[PDB]
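The structure appears right after this line, and notes come after that.
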Amino acid sequence: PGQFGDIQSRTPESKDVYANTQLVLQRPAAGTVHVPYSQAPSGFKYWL
Amino acid sequence: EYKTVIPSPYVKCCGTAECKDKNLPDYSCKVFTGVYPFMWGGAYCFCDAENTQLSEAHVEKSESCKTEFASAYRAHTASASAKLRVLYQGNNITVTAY
Amino acid sequence: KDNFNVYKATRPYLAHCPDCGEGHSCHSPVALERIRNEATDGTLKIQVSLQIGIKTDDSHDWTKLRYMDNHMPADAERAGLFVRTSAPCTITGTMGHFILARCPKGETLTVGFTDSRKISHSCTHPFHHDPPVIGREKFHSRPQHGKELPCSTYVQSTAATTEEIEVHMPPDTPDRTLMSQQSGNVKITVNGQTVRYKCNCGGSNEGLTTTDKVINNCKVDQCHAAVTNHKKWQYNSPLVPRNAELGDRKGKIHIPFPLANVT
Amino acid sequence: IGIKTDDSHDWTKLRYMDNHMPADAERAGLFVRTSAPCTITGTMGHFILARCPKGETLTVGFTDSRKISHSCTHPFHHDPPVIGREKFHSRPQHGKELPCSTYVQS
C-alpha cells in the first residue's frame with residue numbers, strides 16, 4: 001500500500017486483479033448516512 | 001490507479017444488519033451499531049434504538065487504466081542494429097543492417 | 001440528444017454536504033460525489049447530484065439543469081452553474097451528473113447554482129488540486145511557441161464507451177411535515193404520494209396510505225412517516241441508504257467524457 | 001446596514017452619508033473581500049460578520065444610489081489559528097470535535 005505496484009494486473013484486459021490498499025471502514029458521523037474509510041492513496045499517483 | 005467502489009449503505013433500524021465475505025480483489029464489510037441517521041426531511045426511520053448500519057466497499061481497476069498505466073517488464077537480451085554511411089569509390093551510400 | 005435518453009427514468013437527489021457555504025453542514029441539492037483527476041492536463045471531472053441538460057419534463061435542453069426540491073424535481077438555468085477552487089473555474093462542458101472544468105490551483109473545490117426561487121446553493125469539499133508537471137519546465141499558461149509532449153485529457157464526447165454508474169429505486173424519504181397535528185391527532189397528509197407511517201400509539205393500522213388519514217389518540221412526537229411512491233431511479237450513491245440488503249438496479253447511466261491520448 | 005433614512009427597519013437596505021444627508025442603497029450590493037470574495041454571514045448597523053479567505057488585505061464596499069462603486073481598503077493580516085493538530089482548509093465529512101470561539105447571530 002502507498003507504493004508502486006499496490007494494485008496489479010497481468011494484462012490490460014485481465015479481470016484478475018491484485019490489490020493491497022489497507023482499506024478500513026470507519027464509523028459514520030452521528031446524524032449522517034455517509035460511509036467514511038481509511039485507505040492508502042494510490043501508489044501509482046505517488047510514483048508519478 | 002485504483003478506484004474504490006462504495007455501494008449505498010444499508011440502514012436497518014430495530015434490527016441487526018449482516019454481510020458475507022466476497023472474493024473481490026480487496027473487500028471488506030462492517031456493521032455499526034447505535035446509528036441514528038437523518039435525511040433532509042427528518043430522521044431516517046421510526047426506530048431510535050437498536051439500529052445498525054452495514055457498510056461495504058471494494059477496490060477495482062479504474063477505467064483510466066486503458067490510457068494511464070506503467071508496465072513492468074523483464075529484460076534479457078538485445079538485438080543490435082546500425083545505420084552505416086559508406087563512401088565507396090566516391091559514392092556516399094547509406095545502408096541499414098543488423 | 002440520444003445520449004441523454006438514459007436520464008429519462010432517473011431523477012436528481014438530495015445529499016449531505018459538509019459545508020453549505022456558511023461553515024456548517026446541511027442537506028443540499030448540490031453535492032459532490034467524486035472528483036476525478038486522472039487527466040494529466042489538469043482538467044477536473046466532477047460528479048454531482050445535479051443533472052445538467054435534462055429538464056423536469058425529461059426533454060433535452062442544454063441551457064437548463066434540474067435539481068431535487070423536497071420531493072419533486074425542479075428546473076434552473078445552467079447559466080447560474082459555477083465551479084470554484086481558489087478562483088473561479090472555466091467549465092469546458094457538462095452532461096448529466098458530470099462537469100468538466102479547468103480550475104486554478106487550490107486546496108478546496110466547490111460547486112453551486114441559483115435555484116427557481118433565486119436562492120443560491122453550493123457545496124464545498126476539501127480537495128488538493130495541483131496538476132503534475134509536464135516536461136522539465138513549470139509553466140502557468142499555454143505558450144504561443146514551444147514543444148509538443150504527450151498528455152491525457154477528457155474529451156467532450158458523450159459516447160461513454162464502457163463507462164457506467166448504477167441507478168436504482170430510492171429509499172423511503174422521511175418528511176416531518178406530513179404528520180400535521182390537528183384536533184389533538186395526526187393527519188399524515190398524503191400530498192399526492194403514497195406514504196408509509198408508523199406510530200408508537202398502538203398503531204395497529206400502521207402501513208401505507210394513498211389518502212389523508214387521522215390517527216386517533218396519538219401525537220406527532222410518537223409518529224414517523226416517509227414517501228414511498230418513487231417511480232424514478234437515483235444514482236447508487238454512498239450518501240443514499242438502500243431499501244434492502246440487496247440492490248434494485250434497473251439502470252446504468254453511461255459516464256461522458258472518457259480519458260484519451262492527446263498532445 | 002438594515003436601516004433606512006426614514007429610521008425604519010429594512011434588512012434589504014443600508015443607509016450611508018452623502019454630503020450633508022443620509023441616503024439609501026441596496027444591501028444586496030454590499031461586499032467584503034480579501035485575497036478573494038468573502039462571504040457575509042450577517043449584518044447590523046455598523047457591524048458585519050463575514051468568513052474570509054486568507055490574505056494580507058481587507059476591503060469593503062457597496063453600490064451607490066447613482067450606481068457609483070465605493071470601496072475602502074486597509075492592510076490586515078488574516079490567517080486563522082490552527083484548531084487541533086492538523087492544518088485544514090475546509091470542514092470534513094468525518095472527523096473529531098474540538099472547542100473554539102465564534103461570533104453568534106444575536
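For the C-alpha cells, the naming scheme is as follows: chains receive sequential letters (A, B, ...) according to their order of presentation, residues are indexed from 1 within each chain, and ligands are indexed from 1 in presentation order.
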
Just need the residues of chain D within 10 Å of chain C, counting only C-alpha atoms, so spit them out as an mmCIF file with N, CA, C and O atoms, in the first residue's frame.
```cif
data_model
loop_
_atom_site.group_PDB
_atom_site.id
_atom_site.type_symbol
_atom_site.label_atom_id
_atom_site.label_comp_id
_atom_site.auth_asym_id
_atom_site.auth_seq_id
_atom_site.Cartn_x
_atom_site.Cartn_y
_atom_site.Cartn_z
ATOM 1 N N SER D 35 -8.237 38.297 -0.241
ATOM 2 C CA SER D 35 -7.481 37.781 -1.375
ATOM 3 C C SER D 35 -8.445 37.248 -2.421
ATOM 4 O O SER D 35 -8.075 36.986 -3.566
ATOM 5 N N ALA D 36 -9.686 37.082 -1.996
ATOM 6 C CA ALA D 36 -10.761 36.541 -2.806
ATOM 7 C C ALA D 36 -12.081 36.987 -2.180
ATOM 8 O O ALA D 36 -12.081 37.433 -1.031
ATOM 9 N N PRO D 37 -13.205 36.915 -2.899
ATOM 10 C CA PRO D 37 -14.520 37.308 -2.434
ATOM 11 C C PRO D 37 -14.838 36.628 -1.109
ATOM 12 O O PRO D 37 -14.601 35.431 -0.944
ATOM 13 N N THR D 39 -17.499 35.776 2.193
ATOM 14 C CA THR D 39 -18.911 35.510 2.445
ATOM 15 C C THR D 39 -19.404 36.242 3.681
ATOM 16 O O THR D 39 -18.842 36.101 4.766
ATOM 17 N N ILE D 40 -20.478 37.005 3.520
ATOM 18 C CA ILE D 40 -21.083 37.715 4.638
ATOM 19 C C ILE D 40 -22.121 36.827 5.302
ATOM 20 O O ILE D 40 -22.993 36.279 4.630
ATOM 21 N N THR D 41 -22.008 36.659 6.615
ATOM 22 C CA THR D 41 -22.894 35.758 7.339
ATOM 23 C C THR D 41 -24.041 36.512 7.994
ATOM 24 O O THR D 41 -25.074 35.929 8.319
ATOM 25 N N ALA D 50 -18.380 38.153 8.620
ATOM 26 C CA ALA D 50 -18.017 37.508 7.370
ATOM 27 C C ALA D 50 -16.936 36.455 7.573
ATOM 28 O O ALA D 50 -16.142 36.532 8.511
ATOM 29 N N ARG D 51 -16.901 35.481 6.669
ATOM 30 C CA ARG D 51 -15.886 34.435 6.678
ATOM 31 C C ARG D 51 -14.995 34.555 5.447
ATOM 32 O O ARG D 51 -15.394 34.164 4.346
ATOM 33 N N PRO D 53 -11.296 34.254 3.161
ATOM 34 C CA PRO D 53 -10.110 33.505 2.803
ATOM 35 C C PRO D 53 -8.853 34.270 3.193
ATOM 36 O O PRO D 53 -8.868 35.500 3.277
ATOM 37 N N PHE D 88 -6.163 22.341 8.046
ATOM 38 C CA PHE D 88 -7.140 22.048 7.006
ATOM 39 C C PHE D 88 -7.798 23.316 6.489
ATOM 40 O O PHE D 88 -7.833 24.334 7.179
ATOM 41 N N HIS D 89 -8.296 23.259 5.259
ATOM 42 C CA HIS D 89 -8.861 24.436 4.615
ATOM 43 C C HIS D 89 -10.385 24.434 4.601
ATOM 44 O O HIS D 89 -11.009 25.458 4.324
ATOM 45 N N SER D 90 -10.982 23.292 4.912
ATOM 46 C CA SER D 90 -12.435 23.178 4.969
ATOM 47 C C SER D 90 -12.840 22.091 5.951
ATOM 48 O O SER D 90 -12.070 21.168 6.215
ATOM 49 N N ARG D 91 -14.052 22.189 6.487
ATOM 50 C CA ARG D 91 -14.528 21.168 7.410
ATOM 51 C C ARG D 91 -14.862 19.878 6.661
ATOM 52 O O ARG D 91 -15.500 19.921 5.610
ATOM 53 N N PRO D 92 -14.421 18.735 7.186
ATOM 54 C CA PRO D 92 -14.540 17.396 6.641
ATOM 55 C C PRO D 92 -15.930 16.811 6.806
ATOM 56 O O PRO D 92 -16.705 17.249 7.655
ATOM 57 N N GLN D 93 -16.210 15.766 6.035
ATOM 58 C CA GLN D 93 -17.420 14.974 6.207
ATOM 59 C C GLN D 93 -17.379 14.211 7.526
ATOM 60 O O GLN D 93 -18.400 14.034 8.188
ATOM 61 N N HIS D 94 -16.186 13.755 7.894
ATOM 62 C CA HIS D 94 -15.983 12.970 9.105
ATOM 63 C C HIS D 94 -14.754 13.453 9.859
ATOM 64 O O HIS D 94 -13.727 13.755 9.251
#
```

If you count only C-alpha atoms, which residues fall within 7 Å of residue 77 (chain C), apart from same-chain ones fewer than 3 positions away, as a VMD selection string?
chain C and resid 63 to 65 80

Would you export the selected residues with C-alpha atoms as a PDB file, in the first residue's frame, please?
```
ATOM      1  CA  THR C  63     -29.435  25.698 -21.181  1.00  0.00           C
ATOM      2  CA  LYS C  64     -31.212  24.081 -18.224  1.00  0.00           C
ATOM      3  CA  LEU C  65     -30.383  21.905 -15.228  1.00  0.00           C
ATOM      4  CA  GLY C  80     -26.123  30.058 -12.891  1.00  0.00           C
TER       5      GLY C  80
END
```

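With only C-alpha atoms taken into account, chain B has residues 6, 7, 8, 9, 10, 11, 17, 39, 40, 41, 42, 43, 44, 45, 46, 63, 64, 67 and 68 of chain B at most 8 Å from chain C.
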
Could you take the residues named above and write them with C-alpha atoms, as an mmCIF file, in the first residue's frame?
```cif
data_model
loop_
_atom_site.group_PDB
_atom_site.id
_atom_site.type_symbol
_atom_site.label_atom_id
_atom_site.label_comp_id
_atom_site.auth_asym_id
_atom_site.auth_seq_id
_atom_site.Cartn_x
_atom_site.Cartn_y
_atom_site.Cartn_z
ATOM 1 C CA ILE B 6 -18.703 2.108 -2.271
ATOM 2 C CA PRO B 7 -22.293 0.913 -2.845
ATOM 3 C CA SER B 8 -25.049 2.704 -0.990
ATOM 4 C CA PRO B 9 -25.144 1.913 2.766
ATOM 5 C CA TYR B 10 -27.805 -0.380 4.142
ATOM 6 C CA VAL B 11 -29.595 1.045 7.147
ATOM 7 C CA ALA B 17 -27.604 -5.999 9.540
ATOM 8 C CA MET B 39 -32.436 12.580 5.888
ATOM 9 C CA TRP B 40 -33.255 16.065 4.626
ATOM 10 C CA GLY B 41 -36.871 15.690 5.773
ATOM 11 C CA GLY B 42 -36.172 14.181 9.208
ATOM 12 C CA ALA B 43 -34.903 11.018 10.903
ATOM 13 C CA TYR B 44 -34.298 8.080 8.569
ATOM 14 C CA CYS B 45 -36.824 5.756 10.246
ATOM 15 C CA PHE B 46 -39.243 5.291 13.140
ATOM 16 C CA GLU B 63 -11.356 2.880 -16.395
ATOM 17 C CA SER B 64 -8.374 5.186 -16.849
ATOM 18 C CA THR B 67 -4.628 5.160 -21.028
ATOM 19 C CA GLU B 68 -2.636 5.877 -17.854
#
```

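Ranking A:38, A:14, A:8, A:32 by their shortest atom-to-atom distance to chain C, with only C-alpha atoms included, puts A:32 first.
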
Please identify all polymer residues within 8 Å of residue 56 (chain B), counting only C-alpha atoms, omitting same-chain residues fewer than 2 positions from it, and present them as JSON, numbers by chain.
{"A": [25], "B": [6, 7, 9, 27, 28, 29, 30, 54, 58]}

I need the residue nearest chain A from this list: B:49, B:19, B:14, B:70. Use only C-alpha atoms for the distance.
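Among the listed residues, the smallest separation from chain A belongs to B:70.
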
Enumerate as a ChimeraX atom specification all residues of region 59-207 of chain C assigned to strand (DSSP E) by DSSP on the backbone, naming them with the chain letters and numbers the document uses.
/C:60-69,72-77,82-84,90-102,106-114,120-129,151-154,164-168,173-174,181-182,185-186,195-199,207

Shell of 8 Å around region 101-103 of chain D, only C-alpha atoms, local chain residues under 2 positions omitted, as a VMD selection string
chain D and resid 49 99 105

When distances are computed from only C-alpha atoms, which of D:64, D:97, D:86, D:79 shows the smallest separation from residue 16 (chain D)?
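Answer, going by the shortest atom-to-atom distance: D:64.
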
Go through chain A and flag each residue having an atom no more than 9 Å from chain C; for those, report the closest pair of atoms plus their distance in Å to one decimal, using only C-alpha atoms, ordered by chain and rising number, as a tab-separated table.
```
residue	atom	partner	partner_atom	distance
A:32	CA	C:16	CA	7.5
A:33	CA	C:239	CA	5.6
A:34	CA	C:239	CA	4.8
A:35	CA	C:238	CA	6.2
A:48	CA	C:132	CA	8.4
```

Could you turn the residues from that selection into a file that holds C-alpha atoms, as an mmCIF file, in the first residue's frame?
```cif
data_model
loop_
_atom_site.group_PDB
_atom_site.id
_atom_site.type_symbol
_atom_site.label_atom_id
_atom_site.label_comp_id
_atom_site.auth_asym_id
_atom_site.auth_seq_id
_atom_site.Cartn_x
_atom_site.Cartn_y
_atom_site.Cartn_z
ATOM 1 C CA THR A 32 -25.426 11.200 8.844
ATOM 2 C CA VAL A 33 -25.576 8.386 6.286
ATOM 3 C CA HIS A 34 -22.103 8.719 4.766
ATOM 4 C CA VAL A 35 -19.568 5.886 4.642
ATOM 5 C CA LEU A 48 4.331 9.610 -10.928
#
```

What separation in Å, quoted to one decimal, exists between CA of residue 15 (chain D) and CA of residue 42 (chain D)?
16.0 Å

How close does chain B get to chain A? List, as a tab-separated table, each residue of chain B within 7 Å, its nearest atom pair and the distance in Å to one decimal, counting only C-alpha atoms.
```
residue	atom	partner	partner_atom	distance
B:1	CA	A:44	CA	5.7
B:2	CA	A:42	CA	6.5
B:25	CA	A:18	CA	5.6
B:26	CA	A:19	CA	5.8
B:30	CA	A:25	CA	6.8
B:32	CA	A:27	CA	6.6
B:35	CA	A:30	CA	7.0
B:36	CA	A:31	CA	5.8
B:37	CA	A:31	CA	4.3
B:38	CA	A:31	CA	5.2
B:55	CA	A:35	CA	6.6
B:66	CA	A:12	CA	6.8
```

Exercise: residue 10 (chain D) partners within 10 Å, only C-alpha atoms, chain neighbours under 5 positions left out, as a VMD selection string
chain D and resid 1 to 4 27
